[PDB]
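Form deposited in one PDB entry, single chain, as structure tokens, below.
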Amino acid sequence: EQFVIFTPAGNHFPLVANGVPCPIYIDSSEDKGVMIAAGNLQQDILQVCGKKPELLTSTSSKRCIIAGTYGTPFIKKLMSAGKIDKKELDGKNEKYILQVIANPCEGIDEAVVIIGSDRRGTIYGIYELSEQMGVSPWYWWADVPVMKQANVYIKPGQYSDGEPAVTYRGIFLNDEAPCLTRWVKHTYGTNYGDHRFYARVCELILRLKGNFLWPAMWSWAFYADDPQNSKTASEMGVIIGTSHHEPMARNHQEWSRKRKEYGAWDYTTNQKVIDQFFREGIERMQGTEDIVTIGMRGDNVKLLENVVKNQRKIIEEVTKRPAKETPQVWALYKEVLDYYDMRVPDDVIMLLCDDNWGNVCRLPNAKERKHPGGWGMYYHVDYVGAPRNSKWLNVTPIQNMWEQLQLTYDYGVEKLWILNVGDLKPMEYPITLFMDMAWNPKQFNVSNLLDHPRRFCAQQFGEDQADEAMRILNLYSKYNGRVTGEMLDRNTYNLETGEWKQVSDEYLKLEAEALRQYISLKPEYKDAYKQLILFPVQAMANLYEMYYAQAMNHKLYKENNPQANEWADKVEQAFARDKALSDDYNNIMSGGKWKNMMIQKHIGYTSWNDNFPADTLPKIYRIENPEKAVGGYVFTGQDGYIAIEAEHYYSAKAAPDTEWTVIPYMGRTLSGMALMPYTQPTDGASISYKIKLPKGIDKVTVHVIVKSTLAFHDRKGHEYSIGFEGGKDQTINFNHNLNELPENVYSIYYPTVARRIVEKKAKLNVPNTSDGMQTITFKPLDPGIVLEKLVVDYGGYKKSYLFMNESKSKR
């Protein structure tokens, strides 16, 4: 299926040789659609080789590219002379055959020859040649650059994508304010989508091998905003439709814009105007391949069957042809689905719908499977509705989309697949997976699934970047699948179990890995990578840290712990950084080409809809007078252990001329506590910790971690006592053996001081307090002792380099 090589070879056609492209010939009996594709091919080749190939007016070159459509007299007298059999394109749908051939017609020696089964086959073939040459369908829509080549050669043999398994394959631009609309404003100057915009949309669709579009309908009217809209799609080869709730080829806004004049949307009071409304739409779309939405809602099963009948009679009257000859779609959404369980005319495409969240609701049984008109599926990657919007980023696991669409195809649904793509961006990858599956759902299985994004990343970022990029794409997709950014908040994950820490840290790890890849990019890929990997990863990693930080702020605040203050700072930074990321995306990235494409509000949802005016700061509490909020900690032992950071003491008594001092960051974990200054004696000085232990425990082992200070004042060493109030003390010398004497030097000395701490264990007795509360007092007996951590082991301590996670506390 790969027919382009970038190095010369025998019995291969020199399309581009040593920087010189052969010309292009399109016979003039070819639809305007082919001439466009061919003009784009011409520019695509200019992109790859540097020199513009000439669009021939006649058969005036020895080697060239020819592209044509089956059924032409010219193509017939080429297929005939010769070799290419008729059966291979006769009555085939949207197929092409691409084949190097001598000697195609008199004035020519040899040519690469693309022949379509119909115009879209021919267009699809042209773009295949263009894509295998390195022009990604996303060269404009995602700034993917064109890998330059001095030599392009085409393999011998016959090359096809066959027939598309799904008859109509398209996208729906929807939920398009404010992002898409304000982008279109910035780019085109228009308060609607005009033909310049839709040319861009149609080309993407076609280059993706797609063939269908539901144009934007929230505030615009495709048919009525610009006479050239229809003319543009129809001449290029894109079939227009309208959404399930816009019957008879009228755009919903055509009615709304004139609500006051036309009156109610109700068939039992305003039938005549509505019939005329329907009628004018069917007239407007004559001579396009457009598909017609039937049915009606709002403002009995009998009433509806009668609307359809009338709609069909209106179709018959305008077309002067039986209804069955106008493509029609009827949607099974809401009540109309219940009704179905209802007389539906044989020829109509019956359109099923997903649950708005990527899971299919209902599929046809074997009896329904043989409904002549076929079945369609309406699938979502964006959504405005319950339980909360998903308007912001891509939230679709590659696996989900895959799993539900192979199911859909397998249950016979193969007439029409339409994907709600929001603002188009940032759904570039899921769009592509949708089109490729729509072409052939049986080209995929569990084994090879991830090859598709691998190809995608190879195509978007060069082969050397493909694997790493694909890994990041697949993961970020999966992470975003867990919870949308709109429904993410401080409660989504479990703080207590370290779940929230694990998912925050993991997303930041991915951010790290995406930045590695990003700075390793040849600069002409930086934009496409930011758009398709870097930004979604950065934006959501940052969001996750924000709510993580919000969660920590609340837990800590309720614990009267002033560490809440730092977590508040963090919330504010992430909130700032969120706006910072999108400003880069709108104004800086790609020269600000995509201004307004990333302005969707997502922080401040207290509801299903984005009712709130702007992105707003998530509630944070600050502890007043942190400097003075020290001491008072009480720990609650759990899982057989109490890990305590020196600083979280209950009460403390200093020696005269000393102040117990917090040395932040000191040691392996939180901080160090030390009597200061070091010149004064430590007599009478103590520091205490309040804990709850299960009652009955009478003997515990306590680990005391101190900075590995050496015997600097006195050859004996440093000593301290550790003990329970109401129990016997133990006095420990921790550094007497820590010196260069032969029996200490490599046995105990250096192995200790390299690792900067001294840990000693004490087997202490615990008094029988009736409420389980205990107080452990530590007394430094010599100067310059820095206490870092205590661990009360009562059966659960597990030897850990940082001496286990700090236990539950409050002040």
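Note that the rigid core is defined as the largest set of C-alphas that superpose within 1.5 Å between two forms. Residue numbers run from 1 along the displayed sequence.
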*Note how many residues of the deposited chain are left out of the model between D341 and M342; the options are none, 1 to 3, 4 to 9, and 10 or more.*
1 to 3
*asked:* For the step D299 to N300, what size class fits the number of deposited residues with no coordinates, none, 1 to 3, 4 to 9, or 10 or more?
replied: 4 to 9
*Check the entry's C-alpha temperature factors for 8-16 and 790-798, then say which stretch has the higher mean.*
8-16
*Which has the higher mean CA temperature factor in the PDB entry, 317-325 or 377-385?*
317-325
*According to the deposited entry, which of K530, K83, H554, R169 has the largest Cα B-factor?*
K83
*Identity of residue with top Cα B-factor, from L475, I274, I291, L98*: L98
*Entry-reported Cα temperature factor of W140, expressed as the chain third it lands in*: middle
*When the modelled residues of the chain are sorted by Cα temperature factor, does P562 land in the lowest, middle or highest third?*
middle
*Should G157 be placed in the lowest, middle or highest third of its chain by the C-alpha B factor in the entry?*
highest
*Which third, lowest, middle or highest, does the CA B-factor of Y262 fall in along this chain?*
highest
*For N440, return the chain-relative third of its C-alpha B-factor as stated in the PDB record: lowest, middle or highest.*
highest
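What comes next is about the form deposited in another entry, which does not appear here.
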*Core-superposed comparison between the shown form and the other one - Cα displaced by 2 angstroms or more, from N739, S219, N491, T190*: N739
_Rigid core fit then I588 CA moved by 2 Å or more between the shown form and the other one_ = no
*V273 C-alpha shift between the shown form and the other one of 2 Å or more, rigid core reference*: no
_Rigid core fit then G82 CA moved by 2 Å or more between the shown form and the other one_ = yes
